[PDB]
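>>> Take this sequence and fold it.
(6 chains, ligands or ions: 1)
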Amino acid sequence: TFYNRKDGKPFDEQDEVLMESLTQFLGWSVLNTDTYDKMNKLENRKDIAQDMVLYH
Amino acid sequence: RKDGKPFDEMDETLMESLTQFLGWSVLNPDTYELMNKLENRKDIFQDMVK
Amino acid sequence: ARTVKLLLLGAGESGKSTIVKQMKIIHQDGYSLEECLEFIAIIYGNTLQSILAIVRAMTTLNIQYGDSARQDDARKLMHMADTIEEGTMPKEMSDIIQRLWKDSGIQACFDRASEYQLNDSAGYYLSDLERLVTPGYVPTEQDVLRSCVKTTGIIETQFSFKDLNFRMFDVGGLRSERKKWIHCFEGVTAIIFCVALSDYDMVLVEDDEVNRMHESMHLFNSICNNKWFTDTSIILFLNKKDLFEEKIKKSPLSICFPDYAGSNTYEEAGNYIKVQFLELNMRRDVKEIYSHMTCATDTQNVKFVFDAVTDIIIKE
Amino acid sequence: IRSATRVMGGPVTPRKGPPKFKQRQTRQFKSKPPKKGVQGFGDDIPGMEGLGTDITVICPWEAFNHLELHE
Amino acid sequence: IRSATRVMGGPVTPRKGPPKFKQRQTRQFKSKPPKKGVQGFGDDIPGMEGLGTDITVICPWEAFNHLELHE
Amino acid sequence: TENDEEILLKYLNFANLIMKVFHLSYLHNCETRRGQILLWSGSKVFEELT
Ligand SMILES: Nc1nc2c(ncn2[C@@H]2O[C@H](COP(=O)(O)OP(=O)(O)OP(=O)(O)O)[C@@H](O)[C@H]2O)c(=O)[nH]1
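Residues are numbered from 1 along each chain as shown, chains lettered A, B, ... in the order given. Coordinates below:
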């Protein structure tokens, strides 16, 4: 949510495009924040398996 | 160039920005290799306990 | 009378050759009594390909099957359809296909068929797959004229009416097949251009990011104002009005034409699209163009319009 | 004085009714309808008009449109 | 073909020398020096041509601009 | 002479205006494409890992 312009004039057609391209980009960018969690789980599973090997 | 005229400043900046973006975007292909190694190492160590 | 040379061209997959069949089989030289000889294999291939493509797109669109057990069936199909012959539908195929279509999950994908590519007639076919799989089935004429195949080569057809001699040529609608159009350009008397009304939210087969209505308009504008066909006249045809009637309510017109406003009906947007397809003509009063709606599978409208078209050709 | 419009609080309006909001932008395309008659400033940018390809490939016959049907 | 310059086949120059090629740019500092000169078309873009974000943080006393000396 | 300098500085106002609007259009023409290529490339680099 964007709450006030500095000129004094209301939002118009150009501002919608300017502030919508940014949100489209940031929406597309979540692939990395998903890959991060997938790697952080694979690492832990590998560590647990290594410890179970080490015991025997 | 498709107009018969040589490249100038306004056609240097555009293609410099393009290559800057392409250079920054090489983070993704490396993580592909890291994933495809972590998964195999996990499989080997999980088959060792069986 | 002395000679008539007609050429049929338009956007690809628009029902150009359906008119050729609906004329030749219906009117001159008689119908094909032994239709099964080709229609068996053709319809079997169409019905198999459609349900293969839908399940292939299921994963892409992330829709999940209605029931758990269904997840098995598709896999079996995708294995057992590879090593099967052509023009054969064994009970093992029909059972799996009917069971798969008997689901509430595939309906979710079938509702959104604009994203991917499927044959349009298939929706009519598979519902009665059993009628095909029963032995001795000879197709109905309406089922005969709803088949699908790629019109590729140049074929000569001889219609007869008003005691005239006719020669009709048709050509492929893909980009590659467009080179062959040049040979038949020379020495013509009239030209026919075909447009599909339903394709305002689809994409080309060759290029994934180009709309279809825009492609048709750009194709039309090129030859419409050319001087090679200045002497001859042009006849415009609109197909797929049935699916147009069905769809036009479902989705807005803003996607194709961005600045449209109002409420869509089967006739409110028809004049919109027709005037936008005819404004492209440069010579406003020097030359005139005529466009008619048409359902290719039907015969009543074909008889209504084709004789009038031939009469208008005669009048000049 | 009163700014010549005689309103000081905020923007006034003749009409009244229920608000209407816009739909999101779902699908995009590279294509636009063919050009109209008249043009103004800023309507010649390469790549922002047409189908993204030269008209030659879509219509090969238009290549040698100079020569007539005699040959 | 007079061409009005008596040259055909390629551009000509008064003098020639060894080539010189441009160097990349690395640091990419944000701020800019204060602006002087006549304005001309194509300026006053908000985000660009400025230091930091606002004047107030740079000069906290500048808020009391209209006030006199004595206060 | 100097009178010719006066004449030139008087009648150059009709060209200072023509040449300046021919310069702005070029900048607009380049900025549009610079925005578009970044947006469309960002569409295709965030689709899949490969
Ligand atoms: N529902 C419906 N489908 C139609 C209608 N007219 C044509 N079709 C479809 O059009 C298909 C036949 O078109 P095509 O065989 O592709 O002929 P074409 O227009 O020359 O296109 P190509 O063969 O690719 O060159 C049939 O399978 C029908 O599904 C119609 O009026 N209603």
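
>>> Am I right that residue D:29 is in contact with residue C:207?
No. Using Cβ atoms under 8 Å, residue D:29 is not in contact with residue C:207, being 10.4 Å away. Any C-beta I mention is one placed from the backbone N, CA and C, and that applies to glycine too.

>>> Can you report how many residues lie near the residue of the stretch 1-150 of chain C found nearest chain E?
For the stretch 1-150 of chain C and chain E, the shortest gap (Cβ to the nearest Cβ) falls at residue C:115, measuring 37.6 Å. Residues within reach of residue C:115, counting by other Cβ atoms under 10 Å in any protein chain shown, total 13.

>>> what's near enough to touch it?
Neighbour list for residue C:115: C:57, C:61 [criterion: Cβ atoms under 8 Å, 6 or more residues apart in numbering or on different chains].

>>> Which element, helix or strand, includes the residue positioned nearest the centre of chain D?
Closest residue to the average C-alpha location of chain D: residue D:32 at 7.7 Å, with Cα atoms, centre = their mean. Assigned by DSSP states H and E, residue D:32 falls within no helix or strand.

>>> does the closest residue to residue C:88 other than its chain neighbours sit in a helix, a strand or a coil?
Closest residue in space to residue C:88, ignoring its immediate chain neighbours: residue C:44 at 7.0 Å, by Cβ to Cβ, 6 or more residues apart in numbering or on different chains. Using DSSP: H, G, I helix; E, B strand; the rest coil, the structure places residue C:44 in helix.

>>> Could you point out the longest helix of chain A?
helix A:30-55 (DSSP state H).

>>> Tell me how far it lies from the chain's centre.
Computed by Cα atoms, centre = their mean, to the nearest Å, the separation of helix A:30-55 from the middle of its chain amounts to 20 Å.

>>> For it, which helices and strands make contact with it?
Packing partners of helix A:30-55 (3 or more Cβ pairs under 8 Å, 6 or more residues apart in numbering or on different chains; DSSP states H and E): helix B:27-48.

>>> that older thread, based on its surroundings, how many neighbours for the residue nearest to residue C:88?
By other Cβ under 10 Å, the residues close to residue C:44 number 19.

>>> contacting residues around it?
By Cβ under 8 Å, 6+ apart, the contact set of residue C:44 is C:86, C:87, C:88, C:89, C:132.

>>> just these now: which is nearest residue C:180?
When the contacts of residue C:44 are compared for distance to residue C:180 (Cβ to Cβ), residue C:86 wins out at 27.7 Å.

>>> For that closest one, pull up the helix or strand it's in.
Using DSSP H and E, no helix or strand contains residue C:86.

>>> With residue C:22 instead?
Per DSSP H and E: residue C:22 is located in helix C:16-24.

>>> ok, and what's touching that helix?
Residues from elsewhere that reach helix C:16-24, judged by Cβ under 8 Å, 6+ apart: C:8-10, C:145, C:149, C:151, C:155, C:157, C:159, C:168, C:170, C:173, C:194, C:237, C:239, C:294, C:296-297, C:299, C:302, C:306.

>>> Counting neighbours, which of the residues you listed end up buried?
Applying a neighbour-count criterion of 16 or more other Cβ atoms under 10 Å in any protein chain shown, the buried members of these are C:8-10, C:145, C:151, C:157, C:159, C:168, C:170, C:173, C:194, C:237, C:239, C:294, C:296-297, C:299, C:302, C:306.

>>> just the strands in chain F please.
For chain F, applying DSSP state E gives no strands.

>>> longest helix in it, by residue count?
Ranked by residue count, the top helix of chain F under DSSP H comes out as helix F:13-45.

>>> buried set for that one?
Quick answer for helix F:13-45 (16+ other Cβ under 10 Å): F:30, F:33, F:37, F:38, F:42.

>>> now, which of the residues you listed sits nearest chain A?
When the buried residues of helix F:13-45 are compared for distance to chain A (Cβ to the nearest Cβ), residue F:42 wins out at 5.9 Å.

>>> Count residues in the vicinity of residue 49, would you?
You didn't say which chain, so I picked chain A. Applying other Cβ under 10 Å, I find that residue A:49 has 19 neighbouring residues.

>>> actually it's chain C I care about, not the one you picked
Around residue C:49 there are 15 residues (other Cβ under 10 Å).

>>> Could you measure from it over to residue D:48?
Between residue C:49 and residue D:48 the distance is 38 Å, computed by Cβ to Cβ, to the nearest Å.

>>> sorry, back to before: the helix holding residue C:22: how far from the chain's middle?
With Cα atoms, centre = their mean as the basis, the mean position of helix C:16-24 lies at 11 Å from the chain mean.

>>> do that helix and the ligand meet?
Yes. Using Cβ under 6 Å from any ligand atom, helix C:16-24 reaches the ligand at C:16, C:17, C:18.

>>> What's the end-to-end length of stretch C:58-70?
Counting by Cα to Cα, to the nearest Å, you get 12 Å between the two ends of stretch C:58-70.

>>> And it, what's buried?
Going by neighbour count (16+ other Cβ under 10 Å), the buried part of stretch C:58-70 is C:58, C:63, C:65, C:70.

>>> same check, this time on stretch D:12-31
In terms of neighbour count (16+ other Cβ under 10 Å), stretch D:12-31 has its buried residues at D:30, D:31.

>>> got it, and stretch C:98-116?
Of all the residues in stretch C:98-116, those buried under the rule 16+ other Cβ under 10 Å are C:100, C:105, C:106, C:109, C:110, C:113, C:114.

>>> swap in stretch C:154-171?
Buried residues in stretch C:154-171, defined by neighbour count with 16+ other Cβ under 10 Å: C:157, C:159, C:161, C:166, C:168, C:169, C:170, C:171.

>>> What lies in contact with it?
C:1-9, C:16-17, C:20, C:23-24, C:27-28, C:151, C:177-178, C:180-181, C:183-184, C:306-307, C:310-311, C:314.

>>> Over to stretch C:172-188?
By Cβ under 8 Å, 6+ apart, the surrounding residues in contact with stretch C:172-188 are C:5-7, C:9-14, C:16, C:150-154, C:169, C:171, C:205-206, C:228-229, C:232, D:57-61, D:69.

>>> So what would you say the end-to-end distance of it is?
Terminal residues of stretch C:172-188 are spaced 18 Å apart (Cα to Cα).

>>> before we move on, what about stretch C:172-185?
One end of stretch C:172-185 to the other measures 14 Å (Cα to Cα).

>>> what does stretch C:161-169 give?
End-to-end for stretch C:161-169, by Cα to Cα: 17 Å.
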